[PDB]
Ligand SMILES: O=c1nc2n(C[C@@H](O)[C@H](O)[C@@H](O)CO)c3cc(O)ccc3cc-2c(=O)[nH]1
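First, one chain by itself: the form deposited without this ligand, in structure tokens.
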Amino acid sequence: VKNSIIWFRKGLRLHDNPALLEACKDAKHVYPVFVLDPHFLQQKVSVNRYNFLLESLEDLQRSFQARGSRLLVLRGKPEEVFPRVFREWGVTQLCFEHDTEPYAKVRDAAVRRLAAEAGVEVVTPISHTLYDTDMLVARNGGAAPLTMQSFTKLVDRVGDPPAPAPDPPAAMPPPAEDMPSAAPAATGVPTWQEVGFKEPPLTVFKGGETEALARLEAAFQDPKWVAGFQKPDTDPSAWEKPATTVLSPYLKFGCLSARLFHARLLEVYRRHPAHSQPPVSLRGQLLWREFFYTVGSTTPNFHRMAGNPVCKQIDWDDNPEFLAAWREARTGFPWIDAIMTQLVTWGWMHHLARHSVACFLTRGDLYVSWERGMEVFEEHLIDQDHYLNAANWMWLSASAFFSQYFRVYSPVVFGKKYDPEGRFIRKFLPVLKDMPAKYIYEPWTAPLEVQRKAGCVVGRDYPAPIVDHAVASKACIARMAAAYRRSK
């Protein structure tokens, strides 16, 4: 008989899941498993993203119960849990979605060896990315493209991505009862207070495949907005109704299928001939994700500066004071401090909002390494993706892909062109709520008489700007110009 396990790591969804489909076929029992490490908070992880995963597990649990099944959240390390349940459950097949992250390769290669000794067939279809990334590299001549222009020419030569896999059956083969390691008391979906966190999450985006599909249909309700989407023209200050899809946390965890997203976009494009093209279109946004996955999975030390052959070696400053002020949203620039407050409360910011704080920390003002800023985003971003966070931090620091280090965003003017009244600043920095709009971006320029009436005296309620932007930017550009010469 066939008893199989569908191991969830990414791909927390039932739609477009070829690993689930293979696990249920001709199977008498199916064991849906997520492997949790209860000592994860003991070694980095804000409660905003960890609860987003827990909410995603509760969504899989309810979807499995409605099909006569149950989600099994096992505790411990994978290599120490699977050899036990392989024999206990009589497993003959193990299926999980292929991942290309560094820890994933060394982890899944060990689980494959443990399954081989147990006589367990391993099936690992590709469904997290649009394409087989190793196939794109093979078709390009054995090397990943380093420009988006060439990458777009490659995927259009390859053709369309595979269509989304059909939905699973209405009822699924259930796990065998009275199995000890599958007891409900030891295989439940925990909450955030149970895993060590002591402060509740404040993010407004709830996890789960159902929330992913609900936000998907929300974006596609205006088909002309989807067809004419241009990423650089979106508004970073819009928070009540974000100017972009806000599907990044659901794509990172696999709550939403990228191949379903791409398939729905083509349906619109076929009925809208003047639709936008890459790299500014919505489809182009998915190809940016596919671009960085293709390069990141083929570049050693892609998350570091040293040993990274694609990254430029720049003499960044070791400045804890500048990092601590930038990390704690006390820079003195309301536009920057507000985006860093949205980071720690929501775990998500608009793409150009991340441009402002990444440029300010790296090549624009403080000249701190992008690795330090990536570590901060890794803690708070609910969409933190190993290959996307690193690639865009290297982009913004002009260390890879992007080299126009003369383009420096102003922490004063960049937000003014979208939000002159500064409602984005007043929302996330309520201390500046009563400041007139003339000084909302430069409160230190307000007269003392006005600062006292707003309840916001600079230096007492809101800090003074840590640096003069005109002085700091002129120094960073010169240091980058020296580095870009030293780099030959």
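Only residues modelled in both forms are compared. Position 1 is the first residue in the sequence shown; the rest follow in order. C-alpha atoms forming the largest set that superposes within 1.5 Å between two forms make up the rigid core.
We do not show the form deposited with this ligand bound, though everything after this point is about it.
- The pocket of the shown chain is open, since this ligand, superimposed from its pose in the deposited bound form, puts no atom within 2.4 angstroms of any backbone or C-beta atom.
- In the deposited bound form, residue 189 stays away from this ligand, with no heavy atom inside 4.5 Å.
- For residue 64, no non-hydrogen atom is located within 4.5 Å of this ligand in the deposited bound form, even though that partner is not displayed.
- In the deposited bound form, this ligand sits within 4.5 Å of a heavy atom belonging to residue 34.
- Contact check for residue 450: every heavy atom lies farther than 4.5 Å from this ligand in the deposited bound form.
- Only one of 431, 27, 458, 45 comes within 4.5 Å of this ligand in the deposited bound form through a heavy atom, and that residue is 45.
- Checking 380, 259, 252, 363 against this ligand in the deposited bound form, a heavy atom within 4.5 Å turns up for just one residue: 252.
- Across the options 331-339, 93-101, 118-126, 308-316, residues that bring heavy atoms within 4.5 Å of this ligand in the deposited bound form belong to 93-101.
- Along 44-65, residues 45, 49, 50, 53 each place a heavy atom within 4.5 Å of this ligand in the deposited bound form.
- Measuring CA movement between the shown form and the other one with the rigid core aligned, the set 37, 434, 421, 461 has one residue at 2 Å or more: 37.
- After fitting on the rigid core, only one stretch of 3+ residues whose CA atoms all move by 2 angstroms or more between the shown form and the other one is found, at 37-43.
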